[PDB]
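Structure first, commentary second.
In what follows, every chain begins at residue 1, and chains take the letters A, B, ... in the order their sequences are listed. Side chains included, hydrogens not; waters and symmetry mates left out as well; all remaining heavy atoms used.
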Amino acid sequence: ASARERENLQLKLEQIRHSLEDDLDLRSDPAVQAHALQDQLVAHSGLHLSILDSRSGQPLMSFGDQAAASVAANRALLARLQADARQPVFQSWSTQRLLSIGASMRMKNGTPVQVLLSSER
Amino acid sequence: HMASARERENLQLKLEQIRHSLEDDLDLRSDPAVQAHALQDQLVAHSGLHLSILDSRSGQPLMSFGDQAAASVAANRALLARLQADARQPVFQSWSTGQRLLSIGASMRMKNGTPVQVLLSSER
Ligand SMILES: [Zn+2]
Ligand SMILES: [Zn+2]
């Protein structure tokens, strides 16, 4: 493994260490503590997920790496989705190089949502 | 400046995994908070990263989650053995079996006092 790959995994381990040793909530039970560690692993995974309400376009849920998030990219991708573009819709976004993919999904209760998944390239 | 066919295919696979978690989970309840939790768990499951945290005193897993494509039973066993033989930390491990993995391991002490061994693995 290369010098930069090793450097990057060491920086990720340091994020895990900070979560375990400094931020750990002593009041939480182990399953909550485990999910909080999960949150920190996904927070620097290069992946971001936005769930929008199909009716209003308003954000319902947002998870993952802020580094893979962009308000402008997500607005543009939602516009293509609402403009009947063939799904799933792809979008390359460079200002930072993101690849994103969007599609409508239907929750179990029928609630239509727009699902926008972004990735750092 | 545009994403390749392989980049597109890989991201489409992840989106379809997310769709499986929303539309094909027979036991997922309708409660909107419960839906957020399922999606967040599934995002980690294909993040290309896997994290194993073991109690140093017993060897028993305390936490395990992430992507199984990033995990190797054999590699983790070899890395854990290097940690327990007081190799210099953090310990790096490359591993191949078709796929090529990069893992890093270190001993830590959780805030509540538990001594743990941390095995972080990544798809190269
Ligand atoms: Zn912190
Ligand atoms: Zn969960």
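Without hydrogens or angle criteria, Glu21(A) side chain to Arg109(B) main chain gives a donor-acceptor distance under 3.5 Å. A donor-acceptor contact shorter than 3.5 Å is absent between the side chain of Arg97(A) and the backbone of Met2(B). Judged purely by atom type and a 3.5 angstrom limit, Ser47(B) has no side-chain atom pairing as donor or acceptor with the backbone of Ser45(A). Side chain of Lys111(B) to backbone of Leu24(A): a donor-acceptor contact under 3.5 angstrom is found.
With contacts defined as side-chain heavy-atom distances shorter than 4.5 Å, the pair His44(A)/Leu49(B) does not qualify. Proximity of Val113(A) to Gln35(B): side-chain heavy atoms (C-beta onward) are nowhere separated by under 4.5 Å. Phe90(A) places a side-chain heavy atom less than 4.5 Å from the side chain of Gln12(B).
Among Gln40(B), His37(B), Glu16(B), the residue making the largest number of heavy-atom pairs under 4.5 Å with chain A is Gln40(B). Listed options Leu49(A), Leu117(A), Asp22(A) were ranked by heavy-atom pairs under 4.5 angstrom with chain B; first place goes to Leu117(A). Counting heavy-atom pairs closer than 4.5 Å to chain B, the top residue among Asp23(A), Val42(A), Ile101(A) is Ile101(A).
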| field | Pair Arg17(A)-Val118(B), side chain to side chain contact (heavy atoms under 4.5 Å, CB included): steps then yes or no | value | CA-CA 9 Å; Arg17(A) 190 217 59 82; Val118(B) 176; over 6 Å; no
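Atom CG of residue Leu22(B) and atom OG1 of residue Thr111(A) lie 10.5 Å apart, to the nearest 0.5 angstrom. With values rounded to the nearest 0.5 angstrom, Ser122(B) atom OG is found 7.5 Å from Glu5(A) atom CD.
Under the 4.5 Å side-chain heavy-atom criterion for grouping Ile, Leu, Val, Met, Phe, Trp and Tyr, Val71(A) is not connected to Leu52(A) through any hydrophobic cluster. Hydrophobic clustering (ILVMFWY, side-chain heavy atoms < 4.5 Å, transitive): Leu116(A) and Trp93(A) are in distinct clusters. Note on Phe63(A): it clusters hydrophobically with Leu99(A), by side-chain heavy-atom contacts below 4.5 Å among ILVMFWY residues.
Between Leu43(B) and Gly64(A) the shortest heavy-atom distance is CD2-CA, 4.3 Å. Considering all non-hydrogen atoms of both residues, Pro90(B) and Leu13(A) come closest at CB-CD2, 4.0 Å. When all heavy atoms of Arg121(A) and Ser4(B) are compared, the closest pair comes out as NH2-N, 4.5 Å.
Heavy atoms closer than 4.5 Å to chain A are found nowhere in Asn10(B), neither backbone nor side chain. Contact annotation for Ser100(A): only backbone heavy atoms (N, CA, C, O) come within less than 4.5 Å of a heavy atom of chain B. No part of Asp65(A) comes within reach of chain B, as not one of its non-hydrogen atoms sits under 4.5 angstrom from that chain. If you measure heavy-atom distances from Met63(B) to chain A, the contacts under 4.5 Å come from the side chain alone. Looking at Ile51(A), the atoms closer than 4.5 Å to chain B (heavy atoms on both sides) all sit in the side chain, from C-beta outward.
Within 6.0 Å of the CZ atom in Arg57(B), the count of heavy atoms belonging to other residues, nucleotides or ligands exceeds 12.
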